[PDB]
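Chemist: Structure below; questions to follow.
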Ligand SMILES: [Mg+2]
Ligand SMILES: [Mg+2]
Ligand SMILES: [Mg+2]
Ligand SMILES: [Mg+2]
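Protein chains in written order, with the deposited numbering: chain U, 8 to 247; chain O, 15 to 252; chain W, 1 to 222; chain Y, -1, 1 to 197; chain Q, 5 to 245; chain X, -8 to -1, 1 to 196; chain P, 4 to 250; chain V, 1 to 196.
Following this line, the structure appears as structure tokens:
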């Protein structure tokens, strides 16, 4: 059970489970596919008053149209992003047309894939949420340590995933036609707050980004500024 | 433990590998038409937060070759890719499109090589390739992780193998031929779903399943809607 | 160097002379410009001799290994693609032009590859120095759908064209035939127009004309 | 080119080799030995490209001496020359060939007879009764074809050679500044140093 | 520090790894080589027996290495063939370079040096073979050499290796006059060989032979790997049914 | 600027009823200056024969290279290399160095110890095979040789006569070629026995 | 447990893994071959996983060259790929150097050379298969050969490997003489193969081929004297069961 | 050499001759200069024979491989693929190559990858040995998009005059119709265009 390559008496790779186990342990991240485009949010945890606010960004863009976030082992996340960054930019130089989200995941999945094959390497310790647009709409997926990922209507990992899960459950049925681009944000703003109630004694800072042909204009922009505030307050009222 | 002979020459990592293929939990069956071929696989979507489009265990390798795999999605997408490119490289290097039976060879070959040289852990998936080539027509060959392939007149992969099997076997001792007598695919499709429902003591809606069809050089995945209409077809006629 | 190929209603035929030059000199009065790639796929090649041979040898060699492994059968374009991929990988440095032709489990086939990587197709192709005479012959006597007899008759009469009006080619005719269902027959020297006439005098010398200084009986094995 | 001669006789071999060294116009040293004893009974004279020459010789030498103490047994003239030819053979198709010609004189102790091998930079060897690389042959070869006898004493040889020299002087454009002569025999090597006063 | 790995050194400067292999020899067919002031003899007893095995259009004990040198194997069949091959090559490079026949001493040495090579590096195990080298070169005449997997070679007057070569060994020490012409040796060979056998008796089929000889009438050296017949016969000459 | 033409030399072979013959000159020299008259272009590997013309070192290097390989063949196969077989080999060998070609003109000939069939071949510096049933010529005076052979070859001569013919063919073509001569030698290959002969010629 | 597992010398001299490889051999399917004065025969049982697999697409006796075929007993997969490389080496290291195809002995040795590599080297487990290669060549005549994962090989008159070897090797031992013609052998093969079965005994469930004589038909071409045809003959499902008559 | 491709209302169609010359001689007066890379993506080769031929083969490969994972590719997505090949090797390549393809969405696009590697989306492009005399006609007699049959004439007459003054280019004409409908294989025998 101790090496990364090996199988258990009935076909099982434990190192990957623990990988998963550490992904849960970290902060919580989410994302939501709406009308056109997507919306992401993470949980920066202010451990002291000596942390400059609006600073240590956990969310990252890829190319100029792909939002991206995760949770678990922070350096592992960052690393994985770089690879995704090359692959993107190389493809782009080659086919000219900005990279289709559908395949992108694979390029990554295939890379996360490898780190489950050899013993000399360590399994990727992060679950990753992301999405963006293109011609045939916006998409959103979520990659785990096993390398297996899929497309979701909205995703979640890190500490309290259920909170946001059952929370994402509702939205589905009342808005079975995709939630409004705008409301998507402010709604995400809330879904986070609700899921934070574990690190409750410890304050925090919420970060949000999104994509949309109407709002962002095909791009991925950081939800910061005015819309950012009201989206909080919006959460602050329902926070009772 | 590790990849080098047991005392009875049976290096288990290869054996262990198998359970995991199975472990996924889905049933895959396949049968030949007369001018087409078909495979059945279940499409169990638990999490109400996913998207059924993104789900599948069958992919379009080539213009005419499709593939189904009873096994863990990460390892599958891999096999999918390599294979998908071996054929891509072939047509180029040789002038004619690569047939079923062959891909399954370099494929088994590949998994053998790994296994013997130790350059990685075997993927825990069984690949079931389908198509129809104008040299042997309706073709069906399967491959396992212990690097090995062979032929089937109709096969199955799953937690419940022999059940799906025995039925077909009995249906074959009678039909006596080594395939399915019938002209239309719609009709064959109907037939398999039939032989599976009966084989599970279970019923499927129009999304609970997953099926593919290999034609006269134009392989296509069966989609959500068309899929249902076959249940319409095979309801009264039963 | 003078060759051609013409496919008929049920196959294809390639023919080539038997003379190999060397500047103004005749090196081989009987050479076979017709080589076997595989039972049903054969080649005729002009230009640089050692190049044309070794290359088919190579390809024939691999195509065999392929068919075996694939358990199927040699496709013609398989051979073509193999040739021109390697052939051009060496940007021209391997002078060998040739008429590749055979039959696969899908039809009769005929192509022509240049030394650089160029490949063409038609119903009849001619490569070599006397490529012009044998071309002109085929460009007046050709009609779609010819038979084992019509086509043959023609191919050999085109080669004959070069043999006479072009210097770089001569002696006998070599022919090979592939039929869409039947085998392949190698007819080394289907013709023999050029034959030396009986000499005038007998030049055999009377034993002991050559002066010898020494002699012995050299060794061989252990 | 320079002057390199050699002649096999009775129970010995003799090597002549001019002494001058030239750099385009002026003549630097003029008392330069173009020789290099490979082993107690083997010897090699040489002429060739300025740098190529002296490097190669020593390099060959190295290998031999190496072989000779390793084995403790000495190597035969025949085999030696075989090796030298080997090296040059490769040298010629190397990214850069050592342009050098040579004469190899030795006394094969097993046969108790003297052997002489001429070898050009292309890797062309031949056992000969006598030879000379470059233009050197033209002027002399005749006189040798003429007076040479296999039975000649060591002295007989010198006289002959001496005459070949007098000629090379008389009809050669270049001033080779004389010659250094040397003898290989059952006793080993010694230098006819006397060829200045002689 | 015990058994495993060749790169290991036991507290007393022993290389077990080797000492096992160097001993593994005691499992192979009894091969013998003897020197005479006129010829060298290589005698060997076959192994792997049954009744359905040819051996005529082949061998696996006596291999001709050079027109002037021969060797008697006694180890791993798989191993031997590899060395035998590169031993042949190198011998030819010597010829191609010096244009002369390669001296036995030299050849034995280089081989012993490869066997030794595998005796000191990680990632490889030593060869488990032993060789009786027999040959001639005009440098030191006739020569009988031997080498184990430890990479050590040796000059012998007459030696044996493989099975019972302690028993077989001593029998030799008795009868051996330094000059002892060849036939007395070829004879002695069997005498020594018979005495050390688990077969009910010595049968030609299960046996391999060869000799080396040179002279004034040959002017050069001639060696013969004996064919099935000659043997079935000379056996009778030494008084065997 | 031709290499082949630097050293000189020629070689010719013919097939008789149940036997063969092959001869060559003896001269070796850098262009004008004649150097040796004991340089032989014909050797063998057991019962197989090879004549090589062209560039001197390359000749020597080849002999060595072939002696080497035939020894290694005969060893693992417990049988000497066969003619037809050798041909196919020396052929491939020449080619392996097709971009740094050996400047030579080989010619093989012998008697197959199974069929008993006489054999002759010729090649260009890269290994192109010229199978012939009468004669083979290579070297400086290639053209002069074809002039002789064409007149003198007579299908199936008696060994004693074939000698006389080939001898005269070689011998005479050699005098109209300025770069070949200084003696010659001819071998006569019978099923068993073989006879080597040196002949007398102009030494200019 | 022991000093087994790994590529290194056991105290006596016994090389570890190797023997366990020769275990996947003994456990494997039963197979035989007989050299017989004017032909040679090789055969093996075709024990089908299930009747749903059209076993008709998996050779056990495979063609190495138009004069040599071989067979196995042990790890199916090892034999499949081992073959293809084996075929290439018979080309790259022989036919492309000589113009023709290699004699039995050498091709075997060449296969053995590869069987070797897998051993002398940590990081690679040897092959779990022993091969029976039968062939012929103009100078050595008919040949029979066995090849173990230990690289080594031997020249046989006839033999078997696999489950039913102890037994078969005894039955064959009885029934052998040096004058038997091929059909004698072919016949004799079946009768040995007879016992060694647990399943059926019809056509499609027995894999056998043999090296016999030139098949001027099979070529596809005609016009070249010396090029006459392969000797390797894989008997098909039909030709077989008919010979079941004379038992 | 004489090729081109023109866009219109139903998409785009590309046509070229058949004549290929080695020196002043006709190697194969019946060349299929129009080449297929994908179902709705083709191209017409200009300049070097051996080179153009091989480029295609490679591209055909990339695309036929693209699809198997990234769905069906654009017409721009294809041009860029030639851009790379053409550019990187500008030193050992001679290629005039014109690319054309259609997609229901963006209609049919025309891109020309002339020698050097410079790429261009134009209304229509024209390259090949004899393009030199139709700079007069083409440009002048060009209405913005036409009809299936209406367009077939630009092609017909542009191609006709090019034979009339440029020997290195001739033979028969061949067109390839790329539309919503599908591919249609045209061919206009001699005695026709000459008459015009
Ligand atoms: Mg590993
Ligand atoms: Mg010549
Ligand atoms: Mg002369
Ligand atoms: Mg024109």
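No residue lacks a Cβ here, since even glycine has one placed at the ideal position from N, Cα and C.
Jot down the residue ranges of each uninterrupted beta strand (DSSP E) in the segment 86 to 171 of chain U, minimum 3 residues, whole runs only, in chain order.
Modeler: The qualifying runs are 133 to 139, 146 to 150, 161 to 164.
Chemist: Assess contact between the segment 41 to 54 of chain O and the segment 192 to 200 of chain O, defined as three or more Cβ pairs (one per stretch) separated by less than 8 Å. Is contact present?
Modeler: A contact exists between the segment 41 to 54 of chain O and the segment 192 to 200 of chain O.
Chemist: Does residue 96 of chain Q have its Cβ less than 7 Å from a Cβ in chain X?
Modeler: Judged by the 7 Å Cβ criterion, residue 96 of chain Q is in contact with chain X.
Chemist: Going along the segment 23 to 56 of chain Q in order, which residues come within less than 8 Å of chain P, judged by CB to CB distance?
Modeler: So the list reads 24, 25, 27, 28, 29, 30, 31, 52, 54, 55, 56, given in the order they occur along the chain.
Chemist: What are the boundary residues of the alpha helix (DSSP H) that residue 31 of chain W is part of?
Modeler: That residue, residue 31 of chain W, is in no alpha helix (DSSP H); it is neither H nor E in DSSP.
Chemist: By the three-class DSSP mapping on this structure, what secondary structure does residue 243 of chain W have?
Modeler: Residue 243 of chain W is absent from the structure shown; chain W starts at 1 and stops at 222.
Chemist: Taking 8 Å as the limit between beta carbons, can you name the residues of its chain near residue 196 of chain U, skipping five residues before and five after?
Modeler: For residue 196 of chain U, where only same-chain residues beyond five positions count, the Cβ hits under 8 Å are 48, 213, 215, 238, 239, 241, 242.
Chemist: Identify the continuous alpha helix (DSSP H) that holds residue 16 of chain O and give its terminal residues.
Modeler: Counting along the chain, residue 16 of chain O falls outside any alpha helix (DSSP H), and DSSP gives it neither H nor E.
Chemist: What residue ranges within the segment 155 to 188 of chain Y form continuous alpha helix (DSSP H) runs of no fewer than 4 residues, ordered along the chain?
Modeler: Segments of the alpha helix (DSSP H) lying fully in the segment 155 to 188 of chain Y: there are none.
Chemist: Ends of the alpha helix (DSSP H) at residue 77 of chain Y?
Modeler: Looking at the DSSP string, the run of the alpha helix (DSSP H) that includes residue 77 of chain Y is 76 to 91.
Chemist: Decide if the segment 7 to 19 of chain Y is in contact with the segment 173 to 181 of chain Y; the criterion is three or more beta carbon pairs, one per stretch, under 8 Å apart.
Modeler: Touching, per the Cβ criterion.
Chemist: Between the C-alpha atoms of residue 79 of chain Q and residue 155 of chain P, what's the straight-line distance to the nearest angstrom?
Modeler: Straight-line Cα distance between these residues: approximately 12 Å.
Chemist: Would the beta-carbon of residue 60 of chain W fall within 7 Å of that of residue 37 of chain W?
Modeler: Taking 7 Å as the Cβ cut-off, residue 60 of chain W and residue 37 of chain W qualify as a contacting pair.
Chemist: Between the segment 172 to 191 of chain W and chain P, which residues of the former have CB atoms less than 8 Å from a CB of the latter, in chain order?
Modeler: Residues passing the 8 Å Cβ filter: 176, 183, 184, 185, 186, 187, 188.
Chemist: Quick one, what's near ligand 4 if you take every residue whose CB is closer than 6 Å to any heavy atom, in chain order?
Modeler: Chain-ordered list of matching residues: V:163, V:166, V:167, V:169, V:170.
Chemist: Would you check if there are 3 or more beta carbon pairs closer than 8 Å linking the segment 14 to 27 of chain U to the segment 192 to 209 of chain U?
Modeler: As far as the Cβ criterion goes, the segment 14 to 27 of chain U does not touch the segment 192 to 209 of chain U, which means the pair count is below three.
Chemist: Give the interface partners of residue 102 of chain Q over in chain Y, defined as CB-CB distance under 9 Å, in chain order.
Modeler: Near residue 102 of chain Q (Cβ distances below 9 Å), the residues of chain Y are 74, 75, 77, 78, 79, 81, 82, 85.
Chemist: Check whether the Cβ of residue 105 of chain X sits closer than 6 Å to any heavy atom of ligand 2, and report yes or no.
Modeler: It does not: the Cβ of residue 105 of chain X is nowhere closer than 6 Å to a heavy atom of ligand 2.
Chemist: What does residue 141 of chain X pair with, by DSSP beta-bridge criteria?
Modeler: Per DSSP, none; premise fails for residue 141 of chain X.
Chemist: Relative to ligand 1, is the shortest distance from any of its heavy atoms to the C-beta of residue -5 of chain X smaller than 6 Å?
Modeler: No, since every heavy atom of ligand 1 falls outside the 6 Å radius drawn around the Cβ of residue -5 of chain X.
Chemist: How would you label residue 75 of chain W, buried or exposed, when you count the other beta carbons within 10 angstroms and need 16 or more for buried?
Modeler: Flag for residue 75 of chain W reads buried.
Chemist: Looking at the C-beta of residue 234 of chain P, does it have a partner C-beta in chain O at a distance below 7 Å?
Modeler: With 7 Å as the cut-off, residue 234 of chain P does not count as an interface residue toward chain O.
Chemist: Give the range of the beta strand (DSSP E) segment to which residue 259 of chain U is assigned.
Modeler: Residue 259 of chain U lies beyond the range of chain U shown here (8 to 247); nothing can be said about it.
Chemist: What residue from O:111, O:54, O:35 has the CA that sits closest to residue 207 of chain O's CA?
Modeler: Selected option, being the one with the closest Cα: O:54.
Chemist: Would DSSP call residue 278 of chain X helix, strand or coil?
Modeler: Nothing about residue 278 of chain X can be read from this structure; chain X reaches only from -8 to 196.
Chemist: Tell me, which residues are paired with residue 46 of chain Q by DSSP?
Modeler: According to DSSP, which records beta bridges pairwise, residue 46 of chain Q is partnered with Q:37, Q:214.
Chemist: What are the complete beta strand (DSSP E) segments, minimum 3 residues, inside the segment 68 to 119 of chain W?
Modeler: Fully enclosed beta strand (DSSP E) runs of 3 or longer: 96 to 104, 107 to 113.
Chemist: Is residue 80 of chain P close to chain O, meaning its C-beta is less than 7 Å from at least one C-beta of that chain?
Modeler: Closer than 7 Å to some Cβ of chain O, the Cβ of residue 80 of chain P qualifies, so yes.
Chemist: How many angstroms separate the CA atom of residue 156 of chain Q from the CA atom of residue 128 of chain Q?
Modeler: Looking at the two C-alpha atoms, the distance is approximately 19 Å.
Chemist: Which value, in whole angstroms, describes the spacing of the CA atoms of residue 124 of chain W and residue 32 of chain V?
Modeler: Roughly 16 Å between the two C-alpha positions.
Chemist: Smallest Cα separation from residue 192 of chain Q: which of Q:82, Q:221, Q:243, Q:223?
Modeler: Cα-wise, what sits closest to residue 192 of chain Q is Q:243.
Chemist: So, is the C-beta of residue 76 of chain V closer than 7 Å to a C-beta in chain U?
Modeler: Yes, contact with chain U.
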